[PDB]
Amino acid sequence: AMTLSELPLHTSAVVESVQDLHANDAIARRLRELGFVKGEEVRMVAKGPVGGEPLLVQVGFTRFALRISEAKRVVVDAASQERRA
Amino acid sequence: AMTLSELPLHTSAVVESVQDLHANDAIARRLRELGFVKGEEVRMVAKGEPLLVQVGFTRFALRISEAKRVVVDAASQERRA
Ligand SMILES: [Cl-]
Ligand SMILES: [Cl-]
Ligand SMILES: [Cl-]
Ligand SMILES: [Cl-]
Ligand SMILES: [Cl-]
Ligand SMILES: [Zn+2]
Ligand SMILES: [Zn+2]
Ligand SMILES: [Zn+2]
Ligand SMILES: [Zn+2]
């Protein structure tokens, strides 16, 4: 499945779910609590793919800095991708 | 391959290497610089998160994704007090 860690710059996508990386995943839990839920749009604002980290992503009107390991928990719908040019 | 994230509580093991999770892995580079090198002994002192691991006289509080990068020798495991 495509994850947020692979979302190209200036591109939005619809969140499908947030998958635990391991048992009792506090990071995954925190992401869900912050708005990363099925049906909501998330966009890659800066850094990543390429460039490096952190990945600056936006949900609603709030921006978060995520390591690739953190963004990889968020599964997005690849066919919902749209370039915000 | 056995990783530090799998080292049981109060058990020690010898580091084999540090594996990148992705290309251009800065965290992996930091671990290598921190002393997680081939031949060094690492001990799981607190949990089995956070995973508190000790190298020498330094205690590192690692998350599982960070510890999973550190590969250890399975035959080198030792139960400690
Ligand atoms: Cl976590
Ligand atoms: Cl990462
Ligand atoms: Cl990194
Ligand atoms: Cl983790
Ligand atoms: Cl990480
Ligand atoms: Zn993929
Ligand atoms: Zn990274
Ligand atoms: Zn740090
Ligand atoms: Zn974790």
# chains A, B, ... in the order shown; residues from 1 in each chain; ligands from 1
>>> select_by_dssp(residues="chain A", states="strand (DSSP E)", output="VMD selection string")
chain A and resid 11 to 18 41 to 46 55 to 59 62 to 66 74 to 76 82 to 83
>>> residues_near_ligand(ligand="ligand 5", cutoff="6 Å", atoms="only C-alpha atoms and all ligand atoms", output="ChimeraX atom specification")
/A:69 /B:65-66
>>> closest_residue(among="A:83, A:22, A:38, A:63", to="chain B", atoms="only C-alpha atoms")
A:22
>>> interface_residues(of="chain A", to="chain B", cutoff="9 Å", atoms="only C-alpha atoms", output="short mmCIF file (atom, residue, chain, number, x, y, z; two decimals) with C-alpha atoms, in the first residue's frame")
data_model
loop_
_atom_site.label_atom_id
_atom_site.label_comp_id
_atom_site.auth_asym_id
_atom_site.auth_seq_id
_atom_site.Cartn_x
_atom_site.Cartn_y
_atom_site.Cartn_z
CA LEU A 21 4.15 -0.48 13.27
CA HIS A 22 4.27 -2.61 16.42
CA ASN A 24 1.00 -0.52 21.51
CA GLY A 52 15.24 14.57 2.84
CA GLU A 53 13.50 14.91 6.19
CA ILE A 68 9.81 8.80 7.31
CA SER A 69 9.20 6.10 9.96
#
>>> closest_residue(among="A:34, A:50, A:57, A:75", to="residue 2 of chain A", atoms="only C-alpha atoms")
A:75
>>> atom_distance(atom1="atom CA of residue 41 of chain A", atom2="atom CA of residue 72 of chain A")
15.9 Å
>>> residues_near_ligand(ligand="ligand 6", cutoff="7 Å", atoms="only C-alpha atoms and all ligand atoms", output="ChimeraX atom specification")
/A:1-3,6
>>> atom_distance(atom1="atom CA of residue 76 of chain A", atom2="atom CA of residue 13 of chain A")
6.2 Å
>>> residues_around(residues="residue 60 of chain B", least_positions_apart="2", cutoff="10 Å", atoms="only C-alpha atoms", output="JSON, numbers by chain")
{"B": [34, 44, 45, 50, 51, 52, 53, 54, 55, 58, 62, 63]}
>>> select_by_dssp(residues="chain B", states="helix (DSSP H, G or I)", output="PyMOL selection string")
chain B and resi 4-6+26-33+64-67+74-76
>>> write_last_selection(atoms="C-alpha atoms", output="mmCIF file, in the first residue's frame")
data_model
loop_
_atom_site.group_PDB
_atom_site.id
_atom_site.type_symbol
_atom_site.label_atom_id
_atom_site.label_comp_id
_atom_site.auth_asym_id
_atom_site.auth_seq_id
_atom_site.Cartn_x
_atom_site.Cartn_y
_atom_site.Cartn_z
ATOM 1 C CA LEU B 4 18.112 -4.769 19.331
ATOM 2 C CA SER B 5 14.348 -4.177 19.397
ATOM 3 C CA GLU B 6 14.055 -7.907 20.098
ATOM 4 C CA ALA B 26 20.274 10.105 9.249
ATOM 5 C CA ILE B 27 19.122 8.168 12.321
ATOM 6 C CA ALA B 28 21.202 5.174 11.267
ATOM 7 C CA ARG B 29 24.227 7.431 10.839
ATOM 8 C CA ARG B 30 23.717 8.852 14.328
ATOM 9 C CA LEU B 31 23.585 5.360 15.846
ATOM 10 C CA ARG B 32 26.835 4.385 14.138
ATOM 11 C CA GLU B 33 28.450 7.543 15.521
ATOM 12 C CA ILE B 64 11.283 0.514 18.509
ATOM 13 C CA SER B 65 11.833 1.809 14.971
ATOM 14 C CA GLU B 66 15.256 3.101 16.037
ATOM 15 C CA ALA B 67 16.252 -0.089 17.849
ATOM 16 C CA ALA B 74 22.007 -13.977 18.289
ATOM 17 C CA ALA B 75 24.668 -16.359 19.601
ATOM 18 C CA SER B 76 26.215 -13.561 21.678
#
>>> residues_around(residues="residue 74 of chain A", least_positions_apart="5", cutoff="9 Å", atoms="only C-alpha atoms", output="ChimeraX atom specification")
/A:2-5,15-19,28,31,36-37
>>> residues_near_ligand(ligand="ligand 1", cutoff="6 Å", atoms="only C-alpha atoms and all ligand atoms", output="list in words")
residues 25, 26 and 27 of chain A
>>> residues_around(residues="residue 3 of chain B", least_positions_apart="3", cutoff="6 Å", atoms="only C-alpha atoms", output="PyMOL selection string")
chain B and resi 6+68+70-72
>>> atom_distance(atom1="atom CA of residue 7 of chain A", atom2="atom 1 (Zn, counted along the ligand's line) of ligand 8")
24.0 Å
>>> closest_residue(among="B:73, B:20, B:78, B:40", to="ligand 7", atoms="only C-alpha atoms and all ligand atoms")
B:20
